[PDB]
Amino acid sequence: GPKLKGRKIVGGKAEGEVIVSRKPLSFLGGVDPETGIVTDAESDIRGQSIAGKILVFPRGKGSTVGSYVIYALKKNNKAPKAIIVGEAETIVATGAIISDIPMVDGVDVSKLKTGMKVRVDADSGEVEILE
């Protein structure tokens, strides 16, 4: 299918179902590390699980401790299989790095919609939509 080319944040390869938010996300406050369930009372995907999915959001916001929430999610095996963002700041990148979660940024995330199947080639920064 169509390919979206971006930037490698953390390498690896993954394929799965996409869950998309259009609002900036802070993992500290926005995601429960015990469950993988979004807990932001104003998230457009509040109540849904990110565990084992391909998480799409535009950019991070909020706490510099977000990196530790990502790490705790991974240790509880409730982290997404990969993360696709429009722009990944240091906090989010750092969480992916210490958690070994494949991650890309620089992708036109408006072209991704919830429920799509996608391949993320994080080593090359490429996202492929599967038809």
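Numbering starts at 1 and follows the sequence shown.
Asker: Between 23-31 and 39-47, name whichever shows the higher mean Cα B factor according to the PDB entry.
Answerer: The entry gives the higher C-alpha B-factor average to 39-47.
Asker: Do the C-alpha atoms of 86-94 or of 50-58 have the higher average B factor in the entry?
Answerer: Higher mean C-alpha B-factor: 50-58.
Asker: Sorting the chain's modelled residues by C-alpha B-factor, tell me whether residue 9 ends up in the lowest, middle or highest third.
Answerer: According to the entry, residue 9 has a C-alpha B-factor in the chain's lowest third.
Asker: For residue 64, does the deposited CA B-factor place it in the lowest, middle or highest third of the chain?
Answerer: It falls in the bottom third of the chain.
Asker: Could you look up the Cα B-factor of residue 99 in the entry and say which third of the chain it sits in: lowest, middle or highest?
Answerer: According to the entry, residue 99 has a C-alpha B-factor in the chain's lowest third.
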